[PDB]
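In the structure tokens that follow, a single protein chain appears in two forms: structure 1, then structure 2.
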Structure 1
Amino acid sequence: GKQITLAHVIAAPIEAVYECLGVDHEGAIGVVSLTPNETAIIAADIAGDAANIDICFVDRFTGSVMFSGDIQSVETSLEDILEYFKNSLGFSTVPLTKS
């Protein structure tokens, strides 16, 4: 399985960030990547179910999801994803990384 799954130009990345943030320009962005890639939708379901979280995109081909909301909501969603995948699906996990 040797594949480039994404080779993409974001032509207007500032516009793209405001589009993901929506009305709350004080928001944070959460990003998850995982394998097998098709399980991205389960991360998107967990994040998208939180009251102040919006999904920006889900990509089952690259295995990625991006979402936004207030920082506490985004951190809690990421923790919920790590916990579900580890405890319910036997996935190995990384630390919750912050920038």
Structure 2
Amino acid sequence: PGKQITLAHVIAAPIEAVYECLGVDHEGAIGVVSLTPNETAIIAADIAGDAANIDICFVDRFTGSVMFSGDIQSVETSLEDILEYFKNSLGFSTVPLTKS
């Protein structure tokens, strides 16, 4: 399993402690993404950030982690776009989108 997206998750209604942890304006969902190789977090962050309304929280190229905030709908589109591109273009094996 070379190129894998192992997580593409959305937190619809986060809590104070979750917002305070990331440093967000406590208004919107949070999209979380894990993929290998770890460096392609930079490419995932680019596609998530194309929405512009979406705010990039952190991009970790060492662990392969991306997080971003914004309206529930924008986050779902950003995750959906990441999964679709990486699958079709970059030939990744993607996991289904998940909600909490």
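All residue numbers here refer to structure 1's sequence, counted from 1. Only residues modelled in both forms are compared. Throughout, rigid core stands for the largest set of C-alpha atoms superposing within 1.5 Å between the two forms.
Once both forms are fitted on their rigid core, the CA atom of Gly90 lies less than 2 Å apart between structures 1 and 2. With the core superposed, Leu21 shows a C-alpha displacement of at least 2 Å between structures 1 and 2. Once the rigid core is matched between structures 1 and 2, the CA atom of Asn52 is found 1.2 Å away. Relative to the superposed rigid core, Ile10 shifts its CA by 17.6 Å between structures 1 and 2. Remark: 1-26 is the one run between structures 1 and 2 in which three or more consecutive shared residues have Cα displacements of 2 Å or more on core superposition.
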